[PDB]
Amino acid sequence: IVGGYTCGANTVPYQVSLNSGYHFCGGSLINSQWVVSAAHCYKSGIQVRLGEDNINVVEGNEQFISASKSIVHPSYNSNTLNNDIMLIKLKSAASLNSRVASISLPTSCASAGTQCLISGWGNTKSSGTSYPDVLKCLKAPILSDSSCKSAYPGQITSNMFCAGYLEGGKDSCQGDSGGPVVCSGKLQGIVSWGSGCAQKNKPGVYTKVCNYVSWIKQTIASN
């Protein structure tokens, strides 16, 4: 997260860190057994880390649970990033508490202008590289479809939305991938892609979760 702020420990209790020897992506806990992340975060050997603030120190509220199965969306295209969503099944159910909590799925899509919370342990620099230990947060509005398409001509599908700031300076970045965009208490986006981080006229692009709720619900009913 570039240009954001320290969230505060466990104030984003649905935020998970995906670990394969090191943090590599975020995700969102949607019930005690399932995490939503980005398809471009797929790899084998995932451990889901819940209840995290400082990802380099055991602070006492963590739950570390291996994935038993990952399911990349059947229609994910790794070239256009259309359908950039993946479900991860935990080997055992998380114990839900004030520091480890699920985020609701949307029933309606969010609207342009709605202010959302984006969070993660990704790079905090727009040029250069610095990775934080504690969770970072950014308040960002959803942008109009027309401004999003003007920023990324030919590349925005109906399964994507832009959020952030056309002036730059505030954005998600590498390592935030797969994490949440929450608006009015619902998971409306997944950190997906952009042209650099926090660059002028290049806001972040997010997977539009409301288009995937039927697939999520049917998949978790059968796995």
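When you see a residue number, it is the position in the sequence shown, counting from 1. We call the rigid core the largest set of C-alpha positions that still match within 1.5 Å between the two forms.
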How do 92 to 100 and 129 to 137 compare in 9 other deposited structures of this protein: which one has C-alphas farther from this form after the rigid core is matched?
129 to 137
Could you settle it for me: does 162 to 170 or 51 to 59 have the higher average Cα B factor in the PDB entry?
162 to 170
88 to 96 or 117 to 125, whichever carries the higher mean Cα B-factor
88 to 96
In terms of CA temperature factor as recorded, identify the highest of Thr207, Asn19, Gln15, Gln199.
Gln199
Among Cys109, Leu135, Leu138, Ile71, single out the one with the highest C-alpha B factor in the record, please.
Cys109
Sorting the chain's modelled residues by C-alpha B-factor and splitting them into thirds places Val191 in the lowest
Split the chain's modelled residues into thirds by Cα B-factor; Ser102 lands in the middle
Split the chain's modelled residues into thirds by Cα B-factor; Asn83 lands in the lowest
Pull the Cα B-factor of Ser37 out of the PDB entry and bin it into the chain's lowest, middle or highest third.
lowest
How does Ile65 rank on Cα B-factor within its chain, lowest, middle or highest third?
middle
